[PDB]
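Enquirer: opening with a subset of the complex:
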Amino acid sequence: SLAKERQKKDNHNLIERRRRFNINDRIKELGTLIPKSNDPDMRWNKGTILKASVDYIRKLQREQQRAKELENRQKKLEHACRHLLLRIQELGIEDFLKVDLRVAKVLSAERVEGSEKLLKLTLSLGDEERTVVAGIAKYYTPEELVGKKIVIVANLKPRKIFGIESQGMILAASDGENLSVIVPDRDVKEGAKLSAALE
Amino acid sequence: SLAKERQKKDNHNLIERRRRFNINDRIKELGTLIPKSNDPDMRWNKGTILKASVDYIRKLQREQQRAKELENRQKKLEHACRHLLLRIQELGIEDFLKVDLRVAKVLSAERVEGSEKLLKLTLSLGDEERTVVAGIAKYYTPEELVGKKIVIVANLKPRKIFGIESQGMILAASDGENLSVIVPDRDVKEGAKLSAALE
């Protein structure tokens, strides 16, 4: 029974060589996130890299109560600014036409893997077609707006989002724990230009 | 020499045994801080606690930088509204505009059990209510103060004493022989913001 021990040992070896390389490479990542906090006076070993990760987390847990009070405060200041701006009416109509608000008919509603926030969807502006990413996952289901037409912003530059190119942006009114999209009352031909000036 | 051979080993073994104990006891301590894994049936092996803490820090770093941006924005608002209300820009008046002195109204005052000289006030600023503690019980009765409009420092950091949170503190002046609160001369609406009188 010697030919088996030659392979039973070679199997156990690369089991641990995978486990060793796994943990020791995961500690290396931790070393990149911790702050230096000092000059080259202490050598970064696993003993200290871990101790630093613990000490780093506890400090971050201490700042948690401060941020909770800021998010509460911003909900109150956003409500004030929302009402304050209501009495500043100085938009030049030339500066409004710079923005091209357009009606778009939805074609795809591809959810995005590993993401409970963003939804990928292919829109159609008539002749032109675009793909836009929308952070509306937790509220709007994908197979809900397929075929129905919505209002977006067109004159934008294509920017990669979550590894996806999104040339455009979707309008949405929010109320915190719930948000809606913008939708034409009566059906119109998609790709239509929104215009405030009366003709 | 076979003793010196073992003595070199028995020491070498103990030095390493103390090293692994340290970097394993950190992973244990690192596990006490990682939150629940959304699965009440989960195996917490080291390779995952390291992976977990890495991801848990990458997430806390984003949340930290977010509040870092928010407090900057909120600080910018206070700066704008502060320079708004003071049209005649004066350099020497600075260091005092930072103080938000306002006229409040004592809705209800009650003595605090266990304190000889403390008083729990319930101030109204018109817009909102406030609970402020002041140490003037040895001089003012709770029956006197009700309805009396007092000037208070309405933007002091909330300091908790006697388990009650004093949101700002009232103004008082004492000559040593006596003590009085600071009121406005003519009757003005609650929540009126004091300012320097000059032209």
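Expert: Ah, there it is. Numbering: from 1, shown residues only, chains lettered A, B, ... in the order given.
Enquirer: okay, now the domains of chain A?
Expert: A:2-84, A:93-193 (curated CATH domains).
Enquirer: closest one to chain B among these?
Expert: domain A:2-84 (3.8 Å; Cβ to the nearest Cβ). To be clear about C-beta, it is placed using only N, CA and C from the backbone, and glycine gets the same treatment.
Enquirer: out of the domains of chain A, the one nearest residue B:149 is which?
Expert: When the domains of chain A are compared by Cβ to Cβ, domain A:2-84 sits nearest residue B:149, at 24.5 Å.
Enquirer: for that closest one, measure first residue to last.
Expert: Domain A:2-84 stretches 85 Å from its first residue to its last (Cα to Cα, to the nearest Å).
Enquirer: distance between that domain and the chain's centre?
Expert: How far domain A:2-84 lies from its chain's middle: 22 Å, per Cα atoms, centre = their mean, to the nearest Å.
Enquirer: pick the most buried one from the domains of chain A.
Expert: Most buried of the domains of chain A, by mean neighbour count (mean count of other Cβ atoms under 10 Å in any protein chain shown): domain A:93-193, with a mean of 14.
Enquirer: let me have the domains of chain A in JSON lines, extended by distance to residue B:111.
Expert: JSON lines is the format used below for the domains of chain A (distance: least, Cβ to Cβ, whole Å):
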{"stretch": "domain A:2-84", "distance to residue B:111": "30"}
{"stretch": "domain A:93-193", "distance to residue B:111": "40"}
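Enquirer: can you list these in JSON lines and add distance to chain B?
Expert: Shown next, in JSON lines, are the domains of chain A (distance: least, Cβ to the nearest Cβ, whole Å):
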{"stretch": "domain A:2-84", "distance to chain B": "4"}
{"stretch": "domain A:93-193", "distance to chain B": "12"}
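Enquirer: closest to residue B:23 out of the ones you listed?
Expert: Closest to residue B:23 of the domains of chain A, according to Cβ to Cβ: domain A:2-84, at 5.1 Å.
Enquirer: what residues does stretch A:44-58 touch?
Expert: With contact meaning Cβ atoms under 8 Å, 6 or more residues apart in numbering or on different chains, stretch A:44-58 is reached by A:24, A:27, A:30-31, A:33-35, A:42, B:19, B:22-23, B:26-27, B:29-30, B:33, B:53, B:56-57, B:60.
Enquirer: also put DNA strand C on there:
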DNA sequence: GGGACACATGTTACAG
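Expert: Okay, here's DNA strand C dropped in alongside the others:
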């Protein structure tokens, strides 16, 4: 020469 490291085996749990 002592502290940190990676590597090859002995032990336990009880997977898949």
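Enquirer: the strand or helix carrying residue A:20 versus helix B:2-33: what angle between them?
Expert: According to DSSP states H and E, residue A:20 maps onto helix A:3-33. Here the directions of helix A:3-33 and helix B:2-33 differ by 60 degrees (axes from the mean of the first three to the mean of the last three Cα atoms, to 10 degrees).
Enquirer: okay, helices next: where are they in chain A?
Expert: A:3-33, A:46-62, A:64-84, A:93-97, A:142-145 (DSSP state H).
Enquirer: now those helices as TSV including distance to DNA strand C?
Expert: Below are these laid out as TSV (distance: least, Cβ to the nearest atom of the strand, whole Å):
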stretch	distance to DNA strand C
helix A:3-33	4
helix A:46-62	4
helix A:64-84	30
helix A:93-97	59
helix A:142-145	32
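Enquirer: figure out which of these is closest to residue B:175.
Expert: helix A:64-84 (38.5 Å).
Enquirer: helices and strands around the closest one, which ones?
Expert: helix B:46-85 (3 or more Cβ pairs under 8 Å, 6 or more residues apart in numbering or on different chains; DSSP states H and E).
Enquirer: elements contacting the helix holding residue A:20?
Expert: So helix A:3-33, by 3+ Cβ pairs under 8 Å, 6+ apart, packs with helix A:46-62, helix B:46-85.
Enquirer: now tabulate these in TSV and tack on distance to residue A:149.
Expert: Shown next, in TSV, are the helices and strands packed on helix A:3-33 (distance: least, Cβ to Cβ, whole Å):
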stretch	distance to residue A:149
helix A:46-62	45
helix B:46-85	34
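Enquirer: quick one, which of those is nearest to residue A:135?
Expert: Among the helices and strands packed on helix A:3-33, helix B:46-85 comes nearest to residue A:135, with 15.2 Å by Cβ to Cβ.
Enquirer: from the middle of its chain, how far away would that closest one be?
Expert: Averaging C-alpha positions (Cα atoms, centre = their mean) puts helix B:46-85 17 Å from its chain's average.
Enquirer: then DNA strand D, please:
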DNA sequence: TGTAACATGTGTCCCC
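Expert: Following on from the chains above, DNA strand D is added here:
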């Protein structure tokens, strides 16, 4: 069973 996850003890390397 035979992995998968934790354990110990020994040899190479480092410092400059």
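Enquirer: the contacts of stretch A:44-58 again please, DNA strand D included this time.
Expert: Contacts to stretch A:44-58, defined as Cβ under 8 Å, 6+ apart, come from residues A:24, A:27, A:30-31, A:33-35, A:42, B:19, B:22-23, B:26-27, B:29-30, B:33, B:53, B:56-57, B:60.
Enquirer: anything in it near DNA strand D?
Expert: No - using Cβ under 7 Å from any atom of the strand, we find that stretch A:44-58 stays clear of DNA strand D, coming within 11.8 Å at best.
Enquirer: so residue A:192 makes contact with residue A:103?
Expert: Yes - using Cβ atoms under 8 Å, residue A:192 makes contact with residue A:103 at a distance of 4.5 Å.
Enquirer: now for these two: what residues contact both?
Expert: Contact with both residue A:192 and residue A:103 is made by residues residue A:184, according to Cβ under 8 Å, 6+ apart.
Enquirer: interface residues of chain A facing DNA strand D?
Expert: Taking Cβ under 7 Å from any atom of the strand as the contact definition, chain A meets DNA strand D at A:11, A:15, A:16, A:19.
Enquirer: let's see it at 10 Å
Expert: Residues of chain A lying near DNA strand D by Cβ under 10 Å from any atom of the strand: A:4, A:7-8, A:11-12, A:14-16, A:18-20, A:22-23, A:43.
Enquirer: who's in contact with the residue lying closest to residue A:189 once chain neighbours are set aside?
Expert: Excluding its sequence neighbours, the residue lying closest to residue A:189 (Cβ to Cβ, 6 or more residues apart in numbering or on different chains) is residue A:126, at 7.2 Å. Contacts of residue A:126 were listed using Cβ under 8 Å, 6+ apart, and they are A:189, A:190, A:191.
Enquirer: which of those sits closest to DNA strand D?
Expert: residue A:190 (52.1 Å; Cβ to the nearest atom of the strand).
Enquirer: right, and that closest one touches residue A:127 too?
Expert: No - applying Cβ under 8 Å, one finds residue A:190 not in contact with residue A:127, separated by 10.5 Å.
Enquirer: isn't residue A:155 up against residue A:99?
Expert: Yes - between residue A:155 and residue A:99 there is a contact under Cβ under 8 Å: 6.8 Å.
Enquirer: skipping adjacent residues, who's closest to residue A:33 in space?
Expert: Nearest residue to residue A:33, sequence neighbours excluded (Cβ to Cβ, 6+ apart): residue B:57, at 5.2 Å.
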